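First comes one chain, alone, set out as C-alpha cells in the form deposited in one PDB entry.
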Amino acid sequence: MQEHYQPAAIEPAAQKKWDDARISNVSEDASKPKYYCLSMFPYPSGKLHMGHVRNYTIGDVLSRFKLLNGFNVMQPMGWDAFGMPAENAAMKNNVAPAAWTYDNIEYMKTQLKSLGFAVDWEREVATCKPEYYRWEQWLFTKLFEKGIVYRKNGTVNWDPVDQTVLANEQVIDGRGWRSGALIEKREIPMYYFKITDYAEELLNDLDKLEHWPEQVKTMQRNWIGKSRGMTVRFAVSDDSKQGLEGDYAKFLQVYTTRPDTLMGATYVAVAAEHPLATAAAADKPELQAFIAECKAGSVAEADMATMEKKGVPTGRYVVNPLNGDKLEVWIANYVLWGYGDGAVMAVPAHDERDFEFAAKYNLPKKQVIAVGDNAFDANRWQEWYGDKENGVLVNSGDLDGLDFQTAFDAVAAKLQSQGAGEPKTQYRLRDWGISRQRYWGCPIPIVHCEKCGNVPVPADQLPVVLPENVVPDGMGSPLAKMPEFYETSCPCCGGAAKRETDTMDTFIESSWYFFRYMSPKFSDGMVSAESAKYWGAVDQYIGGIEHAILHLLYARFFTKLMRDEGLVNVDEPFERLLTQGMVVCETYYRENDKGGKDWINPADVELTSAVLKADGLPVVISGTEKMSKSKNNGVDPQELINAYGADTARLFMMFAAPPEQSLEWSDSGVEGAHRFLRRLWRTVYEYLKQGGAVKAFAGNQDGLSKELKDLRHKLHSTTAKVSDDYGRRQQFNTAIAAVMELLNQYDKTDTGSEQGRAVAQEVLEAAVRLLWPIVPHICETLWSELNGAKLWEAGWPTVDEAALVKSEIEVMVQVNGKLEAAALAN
C-alpha cells in the first residue's frame, strides 16, 4: 500500500473494478428488492457544470447506500438532447445540431464516468434518436384520435426580423430580446394536450405524495388553481345596450370565488376583448388606446401578479341581481380573455387587489364582512378583510350574520331562483401547447391533406424522422423551407400532402423518459409490460427547484395518460422528491472604458485583494451569486477533478452544505475535503503498518476496557446516525461530520493491545463503508487493504445494540445501619 493518497492512481482502477463486476448493470431480477433512484437527466450543453456534479453525486450517494443495503438499484442516465442550445450553437458555428449534440454527449459521458457514478450505462438514452422519440410520436397519434391532443388557433409573438416565434419571457417592452424589433401578435394553428381534462386528478393525487416537500405540492396546487365559485349574471342597464348583440346585450356574466361578498360589489371589470369593452370603445379613443395596449402586452405568468393594475371606465352600467345596485363597467388589464367569462366583479373591502384598484381610482368600498369587533378602515387594507374562515356578513340585508359557507349557499339559492347565477368550478390551468416553430425537436406526426384534413401518421410509418443533415441559418424554421421533408403523400388517400413542420415542446421528452429507462431498447412500445411491472415507479427523484411546476406536472400528466393506455400501472411517477440547492460563487470585475464592468472568471484570478493568475494587475472582488455566464463566475468541475480527483469533488459538495441549502464555492473548503481524504488514507496506512489486518471485533464486549467500550459506543452510534442521515433525513454533511467525530475518538483511543487492534479493525471497516456512498474510490481501495471480502457483499454496517447499553452499578443504601454523589441524589 502506497503511503500517500493519490487519486489518479486509485480512481481509474476502482472504476474498472466496478465495471468488471457489473454492479450497476441491473436487470428485472425478482430475487432482489428494487430501488429506482433517478436524477434529472441533463441537456448535452457541452460540459458538466458544478450544479450537475452536485445533483448527480446526491443521486449516487443514495444509490450506493441502497446498494449496500441489498437493493437492486437502477440509477440510469441519459441526455435531454432536443432544444434551442443546439440550434444556436449551429447558427453560431456552422455545424449541424445533431453533430454538436452527439459530440457533447460523448464528452459529458466521459466526465460522468470519471466521477464514479454507479450508473447503468446499458440503459442510456438520447432523446434526439429516432429510437426514442418515435414513441412520443406514437402516443401523440393515439391521443390525437381520442381528442386528448387537438389542433386549434392560438396567438404567438412573431419576431419579423429574426423570423421566429418568441415566448413572453423573450419579449422586452414589446420587442424581441435579440432583434430589438417590435413583435407581432399572430394567430396560427397549434396543437394542445387537453391537460384540463385531468386537472382534478392531477390536483387530488398530490395528496398521495407524502414524501414530497409541501412547497412543491403547494406550488402545483396553486398552478392548477381549482376554485369553487359562482357564476353571476348582471343585467345590462337599459341605457348601456348600444352596440351589443346576443346574451351580451342582456347581461354581463362573471365568475367570483366570493359570492358571499356580492352585496359589497362596487363596480365590475371586463377584459379588453370583452364585447362590452368593444361596444363602449366604439366612440372613445382612450378606450381604444387602452384596449390596444392590453392586446399588445406580453406579460409572462410568473410576472402577471406584479404588473401594475390599470383600468378605464366605460360609461356602461350593469345591475347587481341581489340588491339592484347599478355598477359601472370598467376595462381592466388584469382581466384575461379566456379565463372564465373574461369579466369579474370587484369587492374592494375584502379583496386586496380590488382594494388597491379602488384606492387608485377612488372607487367605493362597501364592507360586508366583519371579523369579531375589529375596526374597519376604508383607507388601509388589513389582513382580516379577506378572512373567509371567521367572518360574518354585514350590510347585506337578509344575509347578515351568516358565515362564508352558509352565505355561499343562500346566494346560490337566490341567484338560481332568479335565474341570475349558479355554482361553478373553475381552474387556472390552461391546456398544454406543444407546437414549437423550431427545427431541433421531435417532428409532430401529422400529415395535412386538403381532402382528408389533419391526418395522424400510421403506427407502421413511425417515426417521422427529423433529418439531421441540417444547419439552421436563422432565416426561419428550416423544416418549413425543406420540401424534401414536408412534401409527402397522404396516408389515407395517397394524394398530395404536406407534413407538419412544427416540432414538439421539448418538455415532452422529459415527461416520460423515466419509463423508457425501464426498457430502453424495447421496439414494440413505449416501455415493455414486464419491465414496467417490475420497476413500478421512481423511488427517489433528485433535481432542481426550477422544475417544481411545469416538468413535474407534465411528468405526472404523462404517467396518467400512459396508465390509461394500459402501458404502466402507477398513478404517480415519483415517490420521494429531493430538490437540491444552487451553487454560488464570488464574482470579479474590472471597470470599463464606457462606464460598465467587465466580469472575470474566478479561475483566472489569484487572491492575496485579487489579481490575475497570468498577468499581474488587480481586479475588483464583487458579490456572490449563482454560477452563470452572466457575470462570468462558473467554476469548471473538470479543473476541480483534474486538480484533486473525483472523491475530493464529491466530498466537498456533500460536506459544504445540506443538499437543499445553497452551496458556496470555497477554495479552502475544497482543500479541507482533500485533506480529510489524506487523513483517512493515512489512518488506514498507519494502522496496517503496525501489524496488518486482524479479525474485526464482534460479539460480547464484556471484558473490554472502558476506553474500547467507549469507542465501540461511538462507532455504532455513528453507524445509526449515518444510516438515519442517508435514509431518512437525507442530510449528508452531518453524516460526514459524524464519521469525522468517530475518527477523532479513534485517534484519542489506545488501540495497541490485541483487543484494541480488533476494535480498530471494526472502526475502520465501518468507517470506509459508511463513507463509500460519498467517496467510493478511496473507500473501495482502503477496504481492500483491510478485508478480503467484496465491499458490496459485506453490506451496510449493522448497529450492535449491545454496544449502546451502558453498564449499571446497582448499589444498596443504608443510614445508621438500616457513588457518594449518587447517595446525595438519593
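Counting begins at 1, following the sequence as shown. Think of the rigid core as the biggest set of C-alphas that the two forms share within 1.5 Å after superposition.
Among other compared entries that model residues flanking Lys208, every one gives it coordinates, keeping it clear of the one-third cutoff.
Across the other compared structures of the same protein with both neighbouring residues present, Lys594 lacks coordinates in at least a third.
Unmodelled deposited residues between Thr608 and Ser609: 4 to 9, per the record.
In this entry, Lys818 and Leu819 are separated by 10 or more residues of the deposited sequence that lack coordinates. In this entry, 278-286 has the higher mean Cα B-factor, the comparison being between 278-286 and 226-234. As recorded in the PDB entry, 368-376 is the stretch of 672-680 and 368-376 with the greater mean C-alpha temperature factor.
You'll see in the entry that, of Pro602, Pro160, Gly78, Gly727, the Cα B factor peaks at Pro602.
Among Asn733, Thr196, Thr506, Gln690, the highest C-alpha B-factor in the deposited entry belongs to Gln690. Among the modelled residues of its chain, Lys47 has a C-alpha B-factor that falls in the highest third, as given in the PDB entry. Residue-level temperature factors show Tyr589 in the highest third of its chain, judged at the C-alpha atom. Among all modelled residues in its chain, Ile778 ranks in the lowest third by Cα B-factor.
Annotation for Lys326: C-alpha temperature factor in the highest third relative to the rest of the modelled chain, per the entry. Remark: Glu122 belongs to the middle third of its chain, ranked by C-alpha B-factor as recorded.
Form deposited in another entry: not shown, discussed below.
Summarising the superposition on the core between this form and the one not shown, the listed residues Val392, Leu287, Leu704, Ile195 contain exactly one with a Cα shift of 2 Å or larger, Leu287.
Once the rigid core is used as the reference frame, the Cα position of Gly311 differs between this form and the one not shown by 2 Å or more.
When two forms of a protein are overlaid on their rigid core, residues whose CA moves 2 Å or more are considered shifted, and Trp121 is not one of them between this form and the one not shown. After superposition on the rigid core, displacement of the C-alpha of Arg563 between this form and the one not shown stays below 2 Å.
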